[PDB]
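Computed from the coordinates by the stated procedures, all read-outs in this text should not be read as laboratory data. Note that each Cβ is placed from the backbone with ideal geometry, even for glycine, and that neighbours are counted across all protein chains shown.
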Amino acid sequence: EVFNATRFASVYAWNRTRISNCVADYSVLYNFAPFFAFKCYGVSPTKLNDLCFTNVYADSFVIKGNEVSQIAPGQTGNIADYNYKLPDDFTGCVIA
Amino acid sequence: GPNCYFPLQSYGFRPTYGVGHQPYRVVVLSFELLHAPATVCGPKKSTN
């Protein structure tokens, strides 16, 4: 419902995709859509089914192509200073 | 297509970035103090 929705909200207003008390096996969806701009900075699962965690703070974005350079841990730019700042210790998967 | 990508990403060493993003030049000195015969140290006066 989150990964394959036709319409999202505003890009700055990310959706609370709370991934808790379930198996975060979203790696199969890699075959559903041609994920380009694939940047997993802390963990890069081609399969993900074991660990239980409290907070996920998952976000949904709609952006251009030649703008992912500003999508990096501790980066500065339009997204970081206007839309959403990525922490210096940003350990997560940016999948565009 | 698949997750394939070129495993070499260029670094954007712009001069307008912050100090934490400004490129740093690093030199590392590695040596092993194990072998009995040595070949290099500082100079000292010898004695009989």
**Message:** Residues to consider are A:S44, A:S20; find the one that is surrounded by 10 or more Cβ atoms within 10 Å (Cβ to Cβ), within 12 Å of another protein chain (Cβ to nearest Cβ) and hydroxyl-bearing (S, T, Y).
**Reply:** A:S44
**Request:** Could you check how many residues of the stretch B:23-32 are under 30 Å from A:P87 (Cβ atoms) and either among the charged types (D, E, K, R) or within 12 Å of chain A (Cβ to nearest Cβ) (or both)?
**Result:** 1
**Asked** Within the stretch A:71-94, restricting attention to residues that are among the β-branched types (V, I, T) and over 12 Å from the mean Cα position of the chain (by Cα), which residue is nearest to A:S60 (Cα to Cα)?
**Response** A:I79
**Options B:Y17, B:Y11; residue that is surrounded by 10 or more Cβ atoms within 10 Å (Cβ to Cβ), among the aromatic types (F, W, Y), within 14 Å of chain A (Cβ to nearest Cβ) and free of Cβ contacts under 8 Å to residues at least 40 places away in the same chain** = B:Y17
**Asked** Within the group A:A37, A:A9, A:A24, A:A72, which residue is of a type in the set (A, V, I, L, M), touching a helix residue (DSSP H, G or I) at 6+ places or on another chain (Cβ under 7 Å) and in contact (Cβ under 8 Å) with a residue 24 or more places away in the chain?
**Response** A:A37
**Prompt:** Does any residue of the stretch B:25-48 turn out to be in a loop (DSSP other than H, G, I, E, B) and in contact (Cβ under 8 Å) with a residue 12 or more places away in the chain?
**Reply:** no
**Message:** Any residue at all in the stretch A:58-66 that's more than 30 Å from B:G18 (Cα to Cα), more than 14 Å from chain B (Cβ to nearest Cβ), part of a loop (DSSP other than H, G, I, E, B) and without any contact (Cβ under 8 Å) to a residue 60 or more places away in the chain?
**Reply:** no
